[PDB]
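By letter and in written order, the chains are A, B, C, D, E, F, G, H and I; residue numbering begins at 1 in each of them.
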Amino acid sequence: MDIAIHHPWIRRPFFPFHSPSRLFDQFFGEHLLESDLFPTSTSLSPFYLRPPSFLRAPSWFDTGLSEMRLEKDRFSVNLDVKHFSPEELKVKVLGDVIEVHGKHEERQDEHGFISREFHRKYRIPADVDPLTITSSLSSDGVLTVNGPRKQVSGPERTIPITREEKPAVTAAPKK
Amino acid sequence: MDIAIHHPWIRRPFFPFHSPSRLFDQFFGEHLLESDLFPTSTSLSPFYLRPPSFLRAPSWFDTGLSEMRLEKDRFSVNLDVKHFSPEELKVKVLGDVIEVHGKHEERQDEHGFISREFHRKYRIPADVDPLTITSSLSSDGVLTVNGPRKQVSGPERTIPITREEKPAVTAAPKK
Amino acid sequence: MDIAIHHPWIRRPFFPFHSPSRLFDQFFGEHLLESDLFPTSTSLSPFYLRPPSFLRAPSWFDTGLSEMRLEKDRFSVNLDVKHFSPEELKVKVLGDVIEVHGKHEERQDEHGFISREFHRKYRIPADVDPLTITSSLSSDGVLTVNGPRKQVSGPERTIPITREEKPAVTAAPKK
Amino acid sequence: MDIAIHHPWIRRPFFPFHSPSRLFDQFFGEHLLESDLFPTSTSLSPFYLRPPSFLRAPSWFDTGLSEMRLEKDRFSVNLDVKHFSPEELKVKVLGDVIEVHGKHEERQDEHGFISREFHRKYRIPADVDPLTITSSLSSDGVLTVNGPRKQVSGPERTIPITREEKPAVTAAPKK
Amino acid sequence: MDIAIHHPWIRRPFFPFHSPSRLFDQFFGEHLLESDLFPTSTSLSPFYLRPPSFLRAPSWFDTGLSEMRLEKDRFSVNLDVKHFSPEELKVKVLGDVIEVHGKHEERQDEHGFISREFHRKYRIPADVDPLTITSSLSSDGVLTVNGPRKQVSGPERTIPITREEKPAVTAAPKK
Amino acid sequence: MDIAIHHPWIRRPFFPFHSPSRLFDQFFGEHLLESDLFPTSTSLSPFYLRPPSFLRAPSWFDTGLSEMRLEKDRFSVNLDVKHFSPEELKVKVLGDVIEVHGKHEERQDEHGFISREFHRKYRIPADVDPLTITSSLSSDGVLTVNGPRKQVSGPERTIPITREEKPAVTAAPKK
Amino acid sequence: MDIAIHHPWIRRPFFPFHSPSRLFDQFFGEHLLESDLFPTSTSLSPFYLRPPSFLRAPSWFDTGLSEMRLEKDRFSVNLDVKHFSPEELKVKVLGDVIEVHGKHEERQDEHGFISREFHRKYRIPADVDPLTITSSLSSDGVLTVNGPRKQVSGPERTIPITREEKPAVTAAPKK
Amino acid sequence: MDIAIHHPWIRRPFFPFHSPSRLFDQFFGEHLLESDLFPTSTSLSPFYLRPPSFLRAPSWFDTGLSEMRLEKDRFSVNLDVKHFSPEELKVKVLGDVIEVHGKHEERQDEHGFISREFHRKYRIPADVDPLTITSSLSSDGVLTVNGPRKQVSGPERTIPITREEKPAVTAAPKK
Amino acid sequence: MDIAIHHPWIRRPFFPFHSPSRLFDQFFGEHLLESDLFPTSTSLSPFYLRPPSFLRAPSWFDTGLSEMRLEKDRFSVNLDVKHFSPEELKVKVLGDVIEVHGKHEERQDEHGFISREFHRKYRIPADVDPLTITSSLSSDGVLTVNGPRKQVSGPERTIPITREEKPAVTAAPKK
């Protein structure tokens, strides 16, 4: 844990290409995402949906897919955060449950400040696997949890214990 | 660390592997990020990363498989509670994780009472489904979770947030 | 900050404000502390700190006013909850601070449920009195905290305790 | 947050007048308070009260005032802590509520130590404004929260929600 | 609290004999314990018990003693932790109550790990005095709280308050 | 701490004590650890340690006694609560520690209510025994804990764990 | 500078822009130098430099325009010389820069003569053309430069000379 | 001397005294030097230095009475010479200091002679007066200085020299 | 190796191994040097060194045995020379070390001749005796060293010369 040795020694080899931001693996990753999802060089390959939005000029489409084949396949789910909240949002991958918690103050009044909040609750063990599902985000709050998938889905438990039914028992007369 | 020994020596059995692009972590990282966006005419991969190999005939791809499932069928798992502890045991089915917490005082002394406890931690996704998996306790403590299976799980913490096209910051000279 | 530039430069326009007593923070601080004890034949003032001004005709005094009250009358006020959340909303009147916490799930997906939330933070002491301010809810979510008004508030953290006549300490050489 | 640069650089200019205690702004303030409240140079200006005390030689008077005029006036409330507890007391200005919590062990027995505690609860929004009310303790525990004032006073809330009375209702026959 | 001065200055005089374990005051104390409790050079004199164990070759004997004379008495109680748990063990001397909490995973399965736990609860104020009782753990988790002793033993409280019985009483007619 | 003065001076009135074995803390520490195992042929010892003394005729031993009990009898200790607080008082008998927590508001102001509190902390082992020791409250606040006694207590934190027979570690050259 | 704050913070709202090529100043600099040689198949470009933008639909190019021309028409600009100075004024038409230098002594004292001066600096290329633009003076000092227009100018100092294919230098070790 | 502890802590029980003029040693030193020149309408004082006190009713002044005389009357002081030494004793009356030097050999050995000596140092000004104070010797060694008294003395070394109006020195740059 | 982690962690699993005498290498070294002089009353040892063990019943001693002989019989070892090299092979019996050096050119190219070489290094003391062990070559290269055996060998370099008796040296201060 050489904080005064390794830390300044690991940030050194980064200098030859260090200066822009602290996060270099998402703008170039999403820039390629919006460019790879578009028929470049080759041509054709779509599939989407469309939920309610406040936008009049543009439109917010809830991205989604589905597939299965040989022995390998990718997938990507998109959370909902119409308004960006980079610092005011926290993504949590609690097992087979993906949830987003973003709150941003976009509406302002005299002495009162309004703060909207978007919270999604996804329980898709068939599309999620914490040991592989990561999380992406857009400048418009568009969260995108990419990664493989599996199966199964259910919260219920059902676990009875004891009950006996072996020693002490009851009964009644008969004939 | 003998910089005058370990450095030239640790760089000895490295030559036949050398010349792997000084920026191998980023070069291949981009190609893997491109195939992580849209199914790039591959044999459909969840995260199969094409790595540098000496294999000339076949094409190797970094994969998991042996980290999700292995040897399961269609039975019931049995927890361990050597000594009976009906009232003093609590079985919890938290997702694909089956656990048992049973504590019973079997050893006694003058003014000191000994209490033994058995705690099992089962992270069997392809063997447990919280929705159907139930529990059956015996009079000796033998706990048995019965039910079907088939699914993958595994709690990880790999969710890089922020970084989402359109930011921009600035600075200025100082002293 | 080039000490050989910013120092002599930042000390240039300062000329017409220079000669303000090397110990201005303590000199005036004592005079302000003297008038903060007993109404010293002044035009009465909570904290009218007589500062050094260039105004020859009038005498300026540091004050607040524009940081407590402004434009109010009788009012009724109105919180914001675009979408109805009767059972899923909690209005809290914590002193001169009116807040609303309403969360309703209006957007739904396959296995993911979206939940929007509206949270208003009103720091209106001039139009809020917890003793007489009530709350009325509409079927659309429109909240209305009607009632009288007139008051001032504002949570700060300026309470320098300790030091209170007759203490005494000491020390001695060391090495 | 240059703790190893700014901290030792800001305490440097304090050296020319350093060495005494570490709360220079409270003894000189109270010393002037007990000297300004006394007709010095000029003459006359009183107003006080008197609660029960254990002191036989001296007397503990609960200080208090009241006034209103143009649009600016000062004020000062005094908490109660007969026995000093500089380190064992905490003053809290929770909005329009001033409370003092001081506990000092003045009575001692064989193997039992007695500890008295003084706790005041002030709900004076008319004499308190957290955004300007400070605190000044005495060597005898005499706490004094000085600062401006305003108006209003009340804890009750009264905020009914829903009730409906619009759609589904009830009635009875008639003629 | 000179962490960057005293710390490296106190570990300096230890170097002349520093290199082995981080603890040098227990192996020698237990090695001498198992050697002093054995008739060496002189004659002999024992006293013990024997509880249920899983060991077939050896045997776990619950050590214990008892004595009283003049005004001096040695004593040592032994907690129970059959399997070693150096790191996974926490001894607590909460007053006249000695408790041990050790949990170690000795049984392993496919994807399920078993973890046994030994917890003793001693309420011996007659053999314990936190102001003198210490602890000594043995390789086989054999904990041994050595130290003097005193008397008394009991948890019950029984502290009735008020009841009145003086003012405001009840009665009934008579003749 | 003039090293050229305090060092030779602090070692001056120490000569007649010098030559106490450079490793006195370990030398005697071993002999005291040997007599702490088995009741070695002596007048027993709760923790009597043979220290280096100038006494030629008698043999001195490090003892306690005066740190456990002193002057007690049948007794019936009394707590202190100057002002009655029947409903506002809580007597707690936590082991050999008797405490009283009574708070009553006897002083009142305009909008500020004063509340006095009496808290006693009695650590009398030779006077308290949780079982029998009860409590009796008066109408003036005079609390009285009556009952027998005889026992010693004292919550300390001296329990060195680990160093439990046969461990072993290892290392290697580095830089 | 707070390298432990400003550095990671100034890189925060920079992620969505990150990955702009560690050598962005040279990468794009080469592409801009290529299009600056021969009129590459484009809508031409005085110096339009294709920059990295988030605009997906349109293609943005860095340009000037609003730094040469703006709002002009058949004009006859007029300089300012409030007080007449026929013999004491000099109008200079240095290219697309019209200037006036008039100094007249209107204020007089005992032995001190005051002299006011009006100096205008007009850099209007789209309004001036030294060849045609003339000047007309009034009796009050109102100077008026009449004539056509249409032109662009602006004195800059960006002219790299050195470097021109076929150089070569050398050196050698030293100490 | 933890500067990060002793400094802020030692500056704690000094607050109530704090703000006593950063130049207290010179400020009051001047006022004491002014009253040391001419009897400034005071109650006359050799060195009554008016110090800063918390006493509000009375005015305190630095005295010295308890450092000159105390419990004397009109008798004769007796020196100590347990063993007679008429010819081997020398009494000296050096001002207000009475001393006795008597040495007699009372213990004898083989070839070694022991000599005991009694030396008294009396600095009693209010009991001695070189003029009248005489000395009477007894046959047992009991010395007795008889005579009146009343006087004050005490050898000190506080006589600053030089610094007498009209000096002047000078210097110049160097390197 | 983080001295703030590895140091306290590499001494942790050393816990009950400590107290092995800070000078263990010299303490036991002396006892081993004493038993290396005269055959001290023991079961005779070549170099058995009584080490510190946890074994209570048996006494362990550092020994060799498994570093001299193992599994042998009459035997007639045979070297390996896949391809015959009668004239191009040299068998050397240097003590208890049998070696073979045969080189034969079996592969031929245009102007390049390949030469294979087989070299065996046998350090079998319990199988070789230079005096009797002979060598027999076959026509295929199969070398066979036949003969009896029984012996121990092994070239080492442990001969610390010097350190005789009565030398005497000296030095003196310098600078």
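As a convention for this text, a residue touches a chain if its C-beta (ideal position, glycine included) is under 8 Å from a C-beta of that chain, and two chains touch if they have at least 3 such contacts.
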Have a look at A-I, A-B or C-H and name the one that copies the F-I interface, over half of its contact pairs being the same.
C-H
Name the chain pair with more contacting C-beta pairs, choosing from C-H and A-B.
A-B
Between subunit E and subunit H, what is the gap in Å from one C-alpha centre to the other?
63
Subunit G and subunit I: spacing of chain centres that average the CA atoms, whole Å:
87
How far is the middle of subunit D from the middle of subunit F, if each middle is the mean of its Cα atoms, in Å?
38
Would you mind listing the residues of subunit F that make contact with two or more other chains?
1, 162-167, 169, 174
Residues of subunit H that touch subunit E when the two form their complex
2, 4-5
Per the contact definition, I'd like the list of subunit B residues that touch subunit E in the complex.
70-71, 77, 80, 98, 103, 106-107, 109-124, 127
Interfacial residue positions of subunit G with respect to subunit B in the complex:
1, 6, 10-18, 54
So, in the complex, the side of subunit D touching subunit G is made of residues 1-2
In the complex of these two chains, what residues of subunit D are touching subunit C?
21, 23-34, 36-37, 45, 67, 69-75, 84, 86, 89, 91, 93-96, 125, 129-140, 142, 145-162, 166
